[PDB]
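Engineer: Take a look at this one; I'll ask things after.
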Amino acid sequence: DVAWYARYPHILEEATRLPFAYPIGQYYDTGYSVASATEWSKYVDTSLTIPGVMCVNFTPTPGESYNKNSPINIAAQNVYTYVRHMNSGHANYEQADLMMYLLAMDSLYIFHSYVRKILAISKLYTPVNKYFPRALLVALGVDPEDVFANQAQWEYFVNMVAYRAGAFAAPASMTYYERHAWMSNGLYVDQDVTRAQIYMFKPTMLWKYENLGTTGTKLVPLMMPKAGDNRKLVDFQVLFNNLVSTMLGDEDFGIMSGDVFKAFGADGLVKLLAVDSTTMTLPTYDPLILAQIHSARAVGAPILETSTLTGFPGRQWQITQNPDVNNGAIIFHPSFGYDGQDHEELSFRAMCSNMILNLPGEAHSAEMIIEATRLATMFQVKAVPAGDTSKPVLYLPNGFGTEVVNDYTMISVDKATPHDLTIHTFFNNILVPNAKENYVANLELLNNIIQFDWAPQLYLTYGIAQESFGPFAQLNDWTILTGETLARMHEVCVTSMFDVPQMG
Amino acid sequence: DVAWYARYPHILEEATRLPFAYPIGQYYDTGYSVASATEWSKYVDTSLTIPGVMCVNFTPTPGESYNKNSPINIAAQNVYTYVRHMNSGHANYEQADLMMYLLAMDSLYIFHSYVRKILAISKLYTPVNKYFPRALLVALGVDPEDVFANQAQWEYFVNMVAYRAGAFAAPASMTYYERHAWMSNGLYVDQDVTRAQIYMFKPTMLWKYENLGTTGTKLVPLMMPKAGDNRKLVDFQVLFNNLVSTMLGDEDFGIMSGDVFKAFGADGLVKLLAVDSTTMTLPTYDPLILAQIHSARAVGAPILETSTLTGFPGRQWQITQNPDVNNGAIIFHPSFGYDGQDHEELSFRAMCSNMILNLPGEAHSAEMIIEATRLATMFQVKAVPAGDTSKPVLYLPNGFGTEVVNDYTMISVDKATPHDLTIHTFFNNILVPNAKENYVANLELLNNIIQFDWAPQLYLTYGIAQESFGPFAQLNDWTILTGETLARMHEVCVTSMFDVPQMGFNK
Amino acid sequence: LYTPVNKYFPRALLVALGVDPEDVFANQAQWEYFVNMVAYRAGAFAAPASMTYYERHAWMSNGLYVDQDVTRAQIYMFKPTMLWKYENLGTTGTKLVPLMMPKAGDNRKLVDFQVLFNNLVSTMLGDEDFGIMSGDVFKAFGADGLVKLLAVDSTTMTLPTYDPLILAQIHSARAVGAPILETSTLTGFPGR
Amino acid sequence: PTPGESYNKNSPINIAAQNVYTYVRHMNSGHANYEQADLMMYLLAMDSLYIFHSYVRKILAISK
Amino acid sequence: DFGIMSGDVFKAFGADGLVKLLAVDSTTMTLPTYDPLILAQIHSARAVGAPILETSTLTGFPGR
């Protein structure tokens, strides 16, 4: 093409010998091309910080359940007539007791995968990614130095969680457990390179069993460590020791576990992976899970019994089953759009438009479309507040998958000295108030987010413009997705997750 | 991995069944998921405007030149020895006259590539892309209906330009002409998909030859139409007549044309190929062009003789030579950082840090690194104002390639009714003043830019915070590049461009 | 169904069934999803295939019948006037109450058939006692001895067949009148 | 140019509208912001476009 | 609506399954052919009269 380069190849060789592959996890100063430009102090951005970790903070859901015609009540009927017709005898439980046992088993398995990922991250080292492993330990909520100093007690605790939770039976033919294990036991790169950026899934809350005696059962939230909490082994021990406190030496739980063990054999049970001081998970490339992260759609913080919601009493998230309410059905319709305060976070107004399903290539199979929409949750109506005065605005969806996303947490390095880890928590929607300092901070966050390849699509509202701007994402072959289509897809995937191949 | 999907493929098949692959070029409303959210009117964005065209607006340069060791002066000597001494040419001109002639031929050929791209775009229609052809005719600065209504006159004017250009001789093996012709005659997709984003290259100005007799020879800028101009064929004909008026009566150019014809033969000359009614251009995929456009770094507006720059009296862009000045050297030493107004575009302070050069993959071959840095131009020093009251801030580079980028022009559809085409021009640096209708407009700008795949890196200055943000791009495999390294790569690529291998040396 | 020599295909057969024909053409994929979901929800229950009640009702209901074996023949269909709707009376037993179907020329949409299905199986779809009875029937009569439901795959097309056995029943058919409902006004006949 | 005579749904133009809307919309996953009559009106306007083209190119080819 | 329908017909029928108007050049000649089917149409062709317009005055037939 150029005949001069073939005549002087040494000139072209030595002139373009540049050091590439800068290690990520570091602050880099670019310097000045105009030496005089130090008189223009903040007008010259000589800084460069590449992020490494985006943790998707999820909540495991049973799907939306208003009555007995719900997919998990139908699945409760199906698994109860399966288990009851292998364990002939006098059962002392209903459909709903067995299905709430099978839902508490999922929170136990996700907790085991969570602490096992805490151990398996701590052995990760790469000289070209300085986020390994302390940023992945900060994003999970643990104190990284506590895992390094107290390694053998952490390994004993994780092996004891796998031995205690492994004493119970849960059917492996239910793909609910396999999907949650695939999300929780996974380190995912956004691009298949060496200095790639890492996606993680972490449970925001887990579902805590409590037997209400005559008035049924309840699954109440148990909150997990958020990022930057510096939680020690004693805190995770307290979390495990009130997660299984109602279950570990219990009569009825043992009867249900033995019934599930006789119905589904030992080869058809959910297995727990053990640790042996050499267990090391490696960051894999999985474009199926990156499509779900791209179409992920945050719903807000969980509402608890202690949460203050002015105008919304009794809106806490719970999987309830009362025999005197809704014909004894498992009930779960959580209210979304809550961010932890009483101020009407009005970035959630930007989620009231229809979503964009962005997806790569030109040919999109049915499994790809049904898998990419798993973390997508669109609001449908406003929740009606109880009272004339109401400080927040809540929303009701048109259904949701087996997980909803509560938050995302980004880990990058600080551009000021010392260059420690910065933790940024955000929804898909981001409010930018009218202040001087948060415009360039929102630019920092936006450029940090676009470093991640198939990142969630952002919505940005402004204070003085009084308007949201729509999907901030690079598009592809896209489509506009409506609430009834996503509701049908959610129905299909809640049905497929809890399906057991039966004999009757 | 989900066994239920294989046992019920029909339910999964009627469950998804989505539209998929909307034609780009038109506005799309997403609608509401919460139907009562019309009470929160502007706080819900239901709009979807996918852009189609980013036009890179460039200036053809001979490289930076302030002494005899410039690549343009070494090339002038090297081609004057071949024409004058090795081939027994005439002795009524020097090497700088021959190189000015060789530089004016480039502007002639760039004009030809420009108008034949205007010709070939106007026949492009497809159902999947409603930007074709009208947005691409708008980005080049023409009336899109004039090229439809006067297609035969356009088609014969392009051929007449190519036939009139045969009055002059210029060597074909000199890669300067080949690079400019290939650059200004291409539509480039950013992704190689069906409905991709289009990249173009338009000249901001061309170089017009001016004879001065005893006091040398200039090349002055002749401005090309910008993207909102709606220029007809009569305007482009007046531009071509203005470009060749000082060239066909010049006896020095007649002697130099005969000398280049005699030295390089007839088959060793630049031939502009004739087009016909079936001549179609198609948007290709080229990862080298995208590697140029990513890390392309804009310099600002060309400075003219009638441009008001307080504190910088004579600083217009001109390729000059004078036998008294600098012992007959060709001098092109332009000032950068001008935006067309008599003020300081203080977002150009964000271009005063070292550039980032990120590439795809991890290979990074040597010619890939020399090609990815062609349109990258870093500043080195401020210009010194002549006086005490200076309104703008001008900059001096550390060399540049054969093209500098002036700005970029993006063509998208309007968010509001009647959803016409929107023309936004911007540098790599973008200033956001503290007003209500600047933040969401800049956010629309940013999201329209990130639709383009290997886009230029943006530097966003916020006047409220007095703080610029650095490279707004996603980085894959990057280096921090200093000015001496880019200067070395520039000297290499400009030396290779003006090399004429048709001289039969051993070498 | 399409034939250039019978212009009653398919709009007259859709009007006679009570559906809006244009709603089935415009909303084809949602209709197919609804029918596959009815076959998946009702197919979760067990009913013995050795009981010829189900096979006779499926032979009447899944059937297009010509009166003569020709090309421009005339079509017989069977459509349920009403269906039997379950309601558990608790201590006082059980009851099957009528659920009326769309009559001809009603222009009913997919939402109306969804409402009909969603109060047909509302007392049954996540129920304890129904699941126990279905599991008992599944263990008694095996999986090969259960009533199967034919699925649709966007190519399912029934063709008008000639069956002189069903035409003999149509010839000797003998209409009994409208069903009496709880809202029906029968002067001199209470509780009928 | 006529689409034939049409006063009810059994017209050949209405049967053709249904038959082409099923192929474009349902068999090929088209968009859902139009009905079959819009698609057939579009398909009928394309015919007038093509007849205009044949008309002016006959004017062209006759004059030589 | 026509842009969406054009994209849908393009996607449904491909690019080679569409009506292509062929380009003519300076050497494009039409020649009068002999066709007995066209003559069989023109014989027994039966005229209907003028098209009725919105501005056409037809007393007793207001909108027709």
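Here, each number is a calculation from the coordinates, and none is a lab measurement. As a convention, Cβ positions derive from the backbone with ideal geometry for all residues, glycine included, and neighbour counts pool all protein chains shown.
Engineer: Using r as the Cβ-Cβ distance of residue B:388 and residue B:235, and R0 as 45 Å, what FRET efficiency do you calculate, to the nearest 0.05? If you can, show how the numbers build up before the last one.
Structural biologist: Details: r = 42 Å, r/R0 = 0.93.
Result of the calculation: an efficiency of 0.60.
Engineer: Give the residue from B:268, A:144, C:143 lying farthest towards the positive end of the charge dipole for the protein assembly as shown; charges sit on Cβ (+1 for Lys and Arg, -1 for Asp and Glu) and the dipole is referred to the Cα centre.
Structural biologist: C:143
Engineer: What is the Cα convex hull volume of the range C:91-166 when expressed per residue in Å³? Each step should come with its number before you reach the end.
Structural biologist: On the way: hull volume 17.8 nm³, N = 76.
Convex hull of Cα atoms, per residue: 235 Å³.
Engineer: Moving on to the next point. Give, as ranges by residue number, the residues of the range C:37-70 whose backbone N falls under 12 Å from the point 7 Å along Cα→Cβ of residue C:101.
Structural biologist: Under cut-off, by backbone N: C:57-63.
Engineer: Would you mind computing the Rg to Rh ratio of the range A:113-218 from its alpha-carbon coordinates, Kirkwood style for Rh? Before the final figure, lay out the partial values.
Structural biologist: On the way: Rg = 16.9 Å, Rh = 16.1 Å.
So for the range A:113-218, dividing Rg by the Kirkwood Rh gives 1.05.
Engineer: If you count, for every residue in D:30-40, the Cβ atoms of partner chains within 10 Å of its Cβ, what is the mean?
Structural biologist: 5
Engineer: Let me ask another. Kindly state, to the nearest 0.05, the FRET efficiency for residue A:39 paired with residue B:310, given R0 = 22 Å and r defined as their beta-carbon distance. Numbers along the way, then the final one.
Structural biologist: Numbers: r = 20 Å, r/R0 = 0.91.
Here the calculated transfer efficiency is 0.65.
Engineer: If you filter the range C:117-186 for trypsin sites (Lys or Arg not before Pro), then keep DSSP loop positions with at most 16 other Cβ within 10 Å, what is left?
Structural biologist: Numbers: sites: C:139, C:148, C:174; in loops: C:148, C:174.
Hits after loop and neighbour filter: C:148, C:174.
Engineer: Let me ask you something else. Once the Cα gyration tensor of the range A:256-314 is diagonalised, what are the square roots of 5 times its eigenvalues, in whole Å and ordered largest first, as equivalent ellipsoid semi-axes?
Structural biologist: Values: eigenvalues 245, 137, 46 Å².
Ellipsoid semi-axes (Å, largest first): 35, 26, 15.
Engineer: Another question, then. In the protein assembly as shown, if the dipole is taken from +1 on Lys/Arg beta carbons and -1 on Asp/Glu beta carbons about the Cα centre, which of B:25, A:352, B:493 is farthest to the positive end?
Structural biologist: The Cα lying farthest towards the positive end belongs to B:25.
Engineer: Rounded to the nearest 20 Debye, what is the dipole magnitude of the protein assembly as shown about its Cα centre when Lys and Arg each give +1 and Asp and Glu each give -1 at the C-beta?
Structural biologist: On the way: 85 positive and 126 negative charges, 379 e Å.
That gives the protein assembly as shown a dipole magnitude of about 1820 debye.
Engineer: Rg to Rh for the range A:292-449: what is it, with Cα atoms only and Rh by Kirkwood? Let's see the in-between values first.
Structural biologist: Details: Rg = 18.5 Å, Rh = 18.1 Å.
We get a ratio of 1.02 for the range A:292-449.
Engineer: DSSP beta bridges in chain A, what fraction antiparallel, as a percent rounded to 5?
Structural biologist: On the way: 44 of 58 bridges.
Expressed as a percentage, antiparallel bridges in chain A total about 75.
Engineer: What does the extension gain come out to for residue E:52 and residue E:25, with contour length at 0.36 nm per residue minus their alpha carbon separation? Intermediate values should be presented prior to the final figure.
Structural biologist: Details: separation 27, 0.36 × 27 = 9.72 nm, distance 3.79 nm.
Roughly 5.9 nm would be gained on extension.
Engineer: Let me ask you something else. From the convex hull of the Cα coordinates of the range B:40-186, what is the mean projected area in square nanometres?
Structural biologist: On the way: hull surface 56.9 nm².
Hull-based average projected area comes out at 14.2 nm².
Engineer: What relative contact order, as a whole-number percentage, does chain C give when Cα pairs under 8 Å and 6 or more residues apart are counted?
Structural biologist: Details: 182 pairs, mean separation 58.5, N = 192.
Relative contact order, chain C: 30 percent.
Engineer: Next question. Rounded to whole Å and sorted largest first, list the principal axis extents of the Cα atoms in the range B:156-200.
Structural biologist: 42, 28, 11
Engineer: In addition: Could you give the length gained by full extension between residue B:261 and residue B:425, i.e. 0.36 nm per residue of separation minus their alpha carbon distance, to one decimal place?
Structural biologist: Working: separation 164, 0.36 × 164 = 59.04 nm, distance 4.20 nm.
My answer for the length gained is 54.8 nm.
Engineer: When you take every Cα atom in chain A, what is the radius of gyration, and what is Dmax, the widest Cα pair distance, in Å?
Structural biologist: Here Rg and the maximum Cα pair distance are 24.9, 92 Å.
Engineer: OK, next. Treat each spin label as a single point 7 Å out from the Cα along the C-beta direction, and report the residue A:417 to residue C:162 distance in nm.
Structural biologist: With each label placed 7 Å out from Cα toward Cβ, I get 9.9 nm.
Engineer: What FRET efficiency would be calculated for the residue pair residue B:286, residue A:151, taking the C-beta separation as r and a Förster radius of 56 Å, to the nearest 0.05? Numbers along the way, then the final one.
Structural biologist: Details: r = 53 Å, r/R0 = 0.95.
Result of the calculation: an efficiency of 0.60.
Engineer: Something else: Quickly estimate the mean residue ellipticity at 222 nm for chain A, helices only: each DSSP H run with n ≥ 4 gives -39500 (n - 2.57), and the total goes over all residues, rounded to 500.
Structural biologist: -9500 deg cm²/dmol
Engineer: In addition: Hey, could you get me the Stokes-Einstein D for the range A:228-376, Kirkwood radius over alpha-carbon pairs, 25 °C and 0.890 mPa s, rounded to whole µm² s⁻¹? If you can, show how the numbers build up before the last one.
Structural biologist: On the way: Rh = 20.9 Å.
Rounded to a whole number, D works out at 117 µm²/s.
Engineer: Determine the shielding of peptide A:439-447 by partner chains: average, over its residues, the number of Cβ atoms on other chains within 10 angstrom of each Cβ. Don't skip to the answer; put the middle values down first.
Structural biologist: Numbers: counts 11, 9, 2, 4, 11, 2, 0, 7, 10.
Across A:439-447, the average partner-chain Cβ count within 10 Å equals 6.
Engineer: I've got another one for you. State the three equivalent ellipsoid semi-axes of the range A:289-362, derived from the C-alpha gyration tensor as the square roots of 5 times its eigenvalues, in descending order and whole Å. Please report the intermediate quantities before stating the final value.
Structural biologist: Details: eigenvalues 174, 81, 21 Å².
Semi-axes (√(5λ), whole Å): 29, 20, 10.
Engineer: Using a 10 Å cut-off on Cβ to Cβ distances, tally the other chain neighbours for every residue of B:82-91 and report the average as a whole number.
Structural biologist: Across the residues of B:82-91, the mean count of other-chain Cβ atoms within 10 Å is 0.
Engineer: Using only Cα atoms, what Kirkwood radius does the range A:168-262 have, in angstroms?
Structural biologist: Details: mean 1/r = 0.0608 Å⁻¹.
Across the range A:168-262, the inverse of the average 1/r is 16.4 Å.
Engineer: Let me see the pair-distance distribution of the range C:74-135: every alpha carbon pair, 5 Å bin width, integer percents in order.
Structural biologist: Per 5 Å bin, starting at 0, the Cα pair percentages come out as 4, 13, 20, 22, 16, 11, 8, 5, 1, 0, 0.
Engineer: For the range A:1-105, take every pair of Cα atoms, bin their distances at 10 Å starting from 0, and report each bin as a whole percent.
Structural biologist: 10, 19, 13, 11, 9, 11, 13, 11, 3, 0
Engineer: Moving on to the next point. List the DSSP H helices in chain A whose Cα atoms stretch 20 Å or more along the helix axis and whose mean Kyte-Doolittle hydropathy is at least -0.5. Mind showing how you got there, number by number?
Structural biologist: Values: long enough: A:95-121 (39 Å, 0.85); A:151-165 (21 Å, -0.23); A:483-497 (21 Å, 0.20).
The answer, listed by residue number, is A:95-121, A:151-165, A:483-497.
Engineer: Once you place label points 7 Å from the Cα toward the Cβ at residue B:271 and residue A:276, how far apart are they in nm?
Structural biologist: Computed distance between label sites residue B:271 and residue A:276 equals 7.5 nm.
Engineer: Right, here's the next one. For the protein assembly as shown, how big is Rg over Rh, using alpha carbon atoms and the Kirkwood form of Rh?
Structural biologist: Details: Rg = 37.9 Å, Rh = 36.5 Å.
Computed over Cα atoms, the ratio is 1.04.
Engineer: Also, I was wondering about something else. How long is the range A:344-429 along each principal axis, judged by its Cα atoms, biggest number first, in Å?
Structural biologist: Sorted from largest, the Cα extents of the range A:344-429 read 49, 48, 22 Å.
Engineer: Return, for the Cα atoms of the range B:390-471, the radius of gyration and Dmax in Å, separated by a comma.
Structural biologist: According to the Cα coordinates of the range B:390-471, Rg and Dmax are 15.0, 46 Å.
Engineer: For residue C:132 paired with residue C:118, estimate the spin-label separation in nm (one decimal), with each label point 7 Å from Cα along the Cα-to-Cβ line.
Structural biologist: Placing both labels 7 Å along Cα→Cβ, they lie 2.9 nm apart.
Engineer: State to the nearest 20 debye the size of the charge dipole of the range A:318-367 about its Cα centre, where the only charges are +1 on K and R beta carbons and -1 on D and E beta carbons.
Structural biologist: Details: 1 positive and 7 negative charges, 22 e Å.
Here the size comes out at about 100 debye.
Engineer: Using the Cα centre as the reference, give the magnitude of the dipole from point charges on the C-beta atoms of the range B:382-507 (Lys, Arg: +1; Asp, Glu: -1; all else neutral), rounded to the nearest 20 debye.
Structural biologist: My answer is approximately 220 debye.
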